[PDB]
Amino acid sequence: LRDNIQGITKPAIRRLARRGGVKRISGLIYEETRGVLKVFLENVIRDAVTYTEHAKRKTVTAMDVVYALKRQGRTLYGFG
Amino acid sequence: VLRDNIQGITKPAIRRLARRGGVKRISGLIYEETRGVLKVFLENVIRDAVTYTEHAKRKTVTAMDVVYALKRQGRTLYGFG
Amino acid sequence: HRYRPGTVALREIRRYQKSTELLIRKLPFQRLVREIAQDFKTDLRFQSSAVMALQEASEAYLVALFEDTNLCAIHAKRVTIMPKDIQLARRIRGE
Amino acid sequence: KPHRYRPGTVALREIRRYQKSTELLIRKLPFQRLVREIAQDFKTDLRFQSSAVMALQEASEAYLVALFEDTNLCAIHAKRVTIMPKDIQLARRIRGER
Amino acid sequence: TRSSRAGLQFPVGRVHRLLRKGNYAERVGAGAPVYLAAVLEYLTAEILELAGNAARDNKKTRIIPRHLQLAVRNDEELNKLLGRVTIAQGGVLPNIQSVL
Amino acid sequence: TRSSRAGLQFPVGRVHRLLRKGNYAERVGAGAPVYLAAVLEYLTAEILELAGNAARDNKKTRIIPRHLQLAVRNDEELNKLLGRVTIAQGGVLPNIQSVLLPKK
Amino acid sequence: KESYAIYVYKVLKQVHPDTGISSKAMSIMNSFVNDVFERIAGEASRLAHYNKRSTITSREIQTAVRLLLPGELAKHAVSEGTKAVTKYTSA
Amino acid sequence: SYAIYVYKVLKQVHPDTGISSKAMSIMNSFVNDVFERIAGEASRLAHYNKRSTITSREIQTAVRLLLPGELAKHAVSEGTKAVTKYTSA
DNA sequence: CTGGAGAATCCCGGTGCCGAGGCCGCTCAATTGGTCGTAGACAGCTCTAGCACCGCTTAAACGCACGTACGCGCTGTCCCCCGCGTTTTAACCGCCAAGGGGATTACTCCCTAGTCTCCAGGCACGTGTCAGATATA
DNA sequence: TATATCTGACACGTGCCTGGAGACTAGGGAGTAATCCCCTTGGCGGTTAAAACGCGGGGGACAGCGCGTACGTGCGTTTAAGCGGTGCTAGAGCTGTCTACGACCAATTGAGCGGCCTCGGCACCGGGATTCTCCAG
């Protein structure tokens, strides 16, 4: 796999901004947002895989990412 | 009944904390409104703190009470055991 | 006419803020997740619902960032976001 | 001739001074009377540990200072050195206080 | 059910057992879970009420996360209590900015 | 002390019983206090080393909370691990913005 | 497998009898109950611990509720819980 | 408190150095802080796998979950070394 | 374009002290040595969802020309917050004086885990049905 | 759209079992009483740091206005993402061991705690050199 951070294209980012309520967007915003999102997700994958590898499992379960987000003080609902 | 002791925290004292806070220039309206902000913040904490004290049904607020209160809002303070 | 600047923007904002479906392309997102995930273990096994939950948390986090960023801009007498403004927001957020 | 300093020398010098020191700034007993005054709304004639009230003063001013840092950043972006009430409203809003 | 014995709905037995074996302490007082289920069921009542009002006012018959979303964002207390919460499949409320 | 048996310094016994008398889990594995106490001794050594260095950097032999202030706040990793923590009598890190200083 | 679906549905029939429910909304609400569950249980545990009590009674729960909920919602929570506990243990 | 142990460490790291009482109290509060962090997060970590015993496995994984990078790495080095040394005895 | 006075600060030095670091009894908590029951280590195996590739469908991404609308700098206004001098009290501290409720010890109890049994509530699981899609006249 | 046909997700029904309710014992957490005292509160009284007040007044917040680039948007171009469909298999989860390990009790004992020194790091202080600044050049 290569360069998939650009696969989440600028139009999708615009869709987020419209969902975020934004009228004008600087051209440099998109890559900076990919960076912030990148580090953010790296934090998610890091502790998530730590939970997966700890349990000697090869598959990442939903409950693990719930625990990870909960550790970061951003509780996510939606799983019974 | 005592009244307006928040005005005891005066304008130059606000200038002291703000100047230690890195503020260089202060609007005249900042002082009283800031006293209000401080009052709000305290009420967010002191009420819950004294509520911890009231659970023990005591008349003396201990340091542990303010420790638990500050910890409860993620504003941990060290220096009391 | 040429659909004046701002009308299409405001109506689009209303429409997508009025709806709730997912807005990020699934295969680029999933492959991006696996690609970044390679830096600990290559070829992860993933639940689809996990990928969806990451899309949920991710887009809510980003939209919320647009909310705070936009409020900082509007407060700063601007209506145009800048990267330095986002960096300021995250600094205020503690990042 | 009138010995007068320029607008900022003594102020910033004082800033550096209290950046070197670590003691509490405002007047103590009037503040403690404010504490008891606000405390009236829950129980009358309360006993207070003085050091706990001092801890309240310390943590409270630490909070205020942090707020001054953030509103200070708001002034920095808005081409000002003067804090305004709406800037405090922005900072507390972004924090999540309203 | 003991809930019906108290005139409630949430399971007093299940909540009581899970709380005692909730690994906080070996023993838990008897009235605490009843009080707990009563408070949560009350919370359930107002949120189901706001959601029902939302579906009814939005011409809907099945409640979906969207109605939960503007239900929370329109209730100041729900926003306050759930300030650290991310709602799956909820979207956001279109809070319209003054300049926008 | 079991620490001395292992050639360490933090009290494995007191902390270990605090794990039993702390309601965290039903049972405690044998290697847990050794490993954990080791982590605290290492990080503690980091903190004391930085405080000592900072104390020497201020012509003082006695460490005061101000040394905790510059030592901790000048350390990125402690600043990030303690981003919501402010200690008593610590003060503020000296930092004046360029736009605030006069332009000499 | 345990869930809280059926009771929330009964309460739904108590408040809005002419309103239905999607499965996803019932699930997300069950997750919400899991959150409230964890917050109250954790805080009540902390409260009992601070004064070293090994039994969680109605007073610790009440005080905890008073700490978490600001004002009138706490007033109604304490009112409903008190009425419920009192009415139940008095019959 | 923890004064005697912090002073022992002080003799190991900077023998010609003192410390105020207030700073020692700060250190005691930090020790208690880290203790509840590891104990709570490790406790729920054990709960996740429905285990009733917190062993070296759970503590080690919990440390990498809680501690940032280089400090965690050296914590694993010193910790694993230490557990090896005491456990072999 | 830059130095001169003088307040601020650095530094050198001298004084006092009280807090810090070291000593000295005095317990009781940490360690050992077992023991007991069980959580969990272990091996092998199903199936099923994840993986992986084929193939069709079109939603979605990309590029370009265009204009406006947004940031931003220049330029101008002015009043308000900084600087400093003056008066005033009320902050600060030390001292005097009273006494409550926090901390301790002990009493007395009543409340919850543990055993064991029992059963209907609660879980899984198809079945109807009506909300709503589709065709033709 | 009438009428008639056709679907799918949720309301409603069933069978099976297992988790909670009864009642009792047993031990111990918590309310309660009494009681000492020490820190808490509240006063007197002296000293003086500091807030308040006010008077300039330069400078920072702010507006107007004019310039120009760049980002949005329509419209036309291009396509791999998405769905379905087929096929495979690693590994989640299960099933069946089986015990060494961690809790526990009792016995041991030396580390760690409380009270008590006593002295020197640092605060305070005073005095001179340097540095930095504002206002002269």
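Chains as they are written, first to last, in the deposited numbering: chain F, 22 to 101; chain B, 21 to 101; chain E, 39 to 133; chain A, 37 to 134; chain C, 16 to 115; chain G, 16 to 119; chain D, 31 to 121; chain H, 33 to 121. Ideal placement from N, C-alpha and C gives every residue a C-beta, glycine not left out.
- Item | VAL71 of chain A versus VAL89 of chain A: straight-line alpha-carbon distance, rounded | Spanning the two alpha carbons is a distance of roughly 8 Å.
- Query: Run through DSSP, which three-state label would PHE84 of chain A get?
  - Reply: strand
- Query: Using the beta-carbon of each residue, which ones in chain E are nearer than 9 Å to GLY28 of chain F?
  - Reply: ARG63, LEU65, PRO66, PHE67, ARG69 and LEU70
- Give the interface partners of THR93 of chain D over in chain B, defined as CB-CB distance under 9 Å, in chain order. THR71, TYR72, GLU74 and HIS75
- How do the stretch 36–49 of chain D and the stretch 106–126 of chain A stand: do at least 3 beta-carbon pairs fall below 8 Å, yes or no? The stretch 36–49 of chain D vs the stretch 106–126 of chain A: no contact.
- What is the residue span of the alpha helix (DSSP H) that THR59 of chain C lies within? Its alpha helix (DSSP H) spans residues 46–72.
- Confirm, please, whether the CB-CB distance from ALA91 of chain E to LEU97 of chain F is below 8 Å. yes
- In chain order, what residues of the same chain have a beta carbon less than 8 Å from the beta carbon of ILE70 of chain D, not counting five sequence neighbours either side? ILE91, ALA94, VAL95 and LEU98
- Query: Is the Cβ of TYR98 of chain B closer than 8 Å to any Cβ of chain D?
  - Reply: no
- Message: Cβ closer than 7 Å: which chain E residues qualify as neighbours of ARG81 of chain C?
- Response: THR58
- Task: Could you check the C-alpha separation between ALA111 of chain A and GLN93 of chain F for me, to the nearest Å?
- Result: 30 Å
- Task: Using a Cβ cut-off of 9 Å, pull out every chain H residue sitting near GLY101 of chain B, in sequence order please.
- Result: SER33, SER57, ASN60, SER61 and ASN64
- Could you please give the first and the last residue of the uninterrupted alpha helix (DSSP H) stretch that includes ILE102 of chain G? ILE102 of chain G -> no alpha helix (DSSP H), and no H or E assigned at all.
- Message: Run through chain G and tell me which residues come within less than 7 Å of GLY132 of chain A, C-beta to C-beta.
- Response: Chain G residues near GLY132 of chain A: none, gap ~13 Å exceeds 7 Å.
- How many Å lie between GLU94 of chain A and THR101 of chain G at the Cα? When rounded, the distance between both Cα atoms is 10 Å.
- Query: Does DSSP classify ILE62 of chain E as helix, strand or coil?
  - Reply: coil
- Query: Are the beta-carbon atoms belonging to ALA89 of chain F and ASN81 of chain H less than 8 Å from one another?
  - Reply: The criterion of a C-beta distance shorter than 8 Å is not satisfied by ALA89 of chain F and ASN81 of chain H.
- Task: Could you give the DSSP three-state label for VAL38 of chain H: helix, strand or coil?
- Result: helix
- Query: Would you report the Cα separation of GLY98 of chain C and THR30 of chain F, rounded to the nearest angstrom?
  - Reply: 30 Å
- In the DSSP assignment, what are the bridge partners of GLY50 of chain D? C:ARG77
- Query: Would the stretch 32–50 of chain B and the stretch 41–52 of chain A be scored as touching if the rule is three or more Cβ pairs under 8 Å?
  - Reply: yes
- Are there 16 or more other CB atoms within 10 angstroms of the CB of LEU60 of chain E, so buried, or fewer, so exposed? exposed
- Query: Does the distance from the C-beta atom of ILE79 of chain G to that of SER52 of chain H stay below 8 Å?
  - Reply: yes
- Can you check whether the CB of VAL49 of chain G is closer than 8 Å to the CB of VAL115 of chain H? yes
- Message: Rounded to whole angstroms, what is the Cα-Cα separation between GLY72 of chain D and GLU41 of chain G?
- Response: 16 Å
- Three-state secondary structure assigned by DSSP to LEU116 of chain G: coil
- Query: Nearest chain A C-beta to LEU126 of chain E closer than 8 Å, yes or no?
  - Reply: yes
- Query: Taking 8 Å as the CB-CB cut-off, is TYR80 of chain D touching chain C?
  - Reply: Look at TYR80 of chain D: its C-beta is not under 8 Å from any C-beta on chain C.
- Beta bridge counterpart(s) of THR118 of chain A as assigned by DSSP: B:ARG45
- Task: With 8 Å as the threshold, decide whether the Cβ of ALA69 of chain G is near any Cβ in chain H.
- Result: no
- Pick from D:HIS106, D:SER57 and D:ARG89: whose alpha carbon is nearest that of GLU32 of chain D? D:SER57
- Query: What do you reckon, are the CB atoms on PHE104 of chain A and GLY42 of chain B nearer than 8 Å?
  - Reply: yes
- Interface positions of the stretch 87–113 of chain G facing chain B (Cβ-Cβ less than 9 Å), listed along the chain: Going along the stretch 87–113 of chain G in chain order, one finds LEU97, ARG99, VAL100, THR101, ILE102, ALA103, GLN104, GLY105, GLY106, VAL107, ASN110, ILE111 and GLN112 with a Cβ nearer than 9 Å to chain B.
- Query: Between the Cα of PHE78 of chain E and the Cα atoms of F:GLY99, F:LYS79 and F:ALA83, which residue gives the shortest distance?
  - Reply: F:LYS79
- Answer with yes or no whether the minimum CB distance from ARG83 of chain D to chain B is below 8 Å. no
- Message: Would you say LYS115 of chain E lies against chain F (beta-carbon separation less than 8 Å)?
- Response: no
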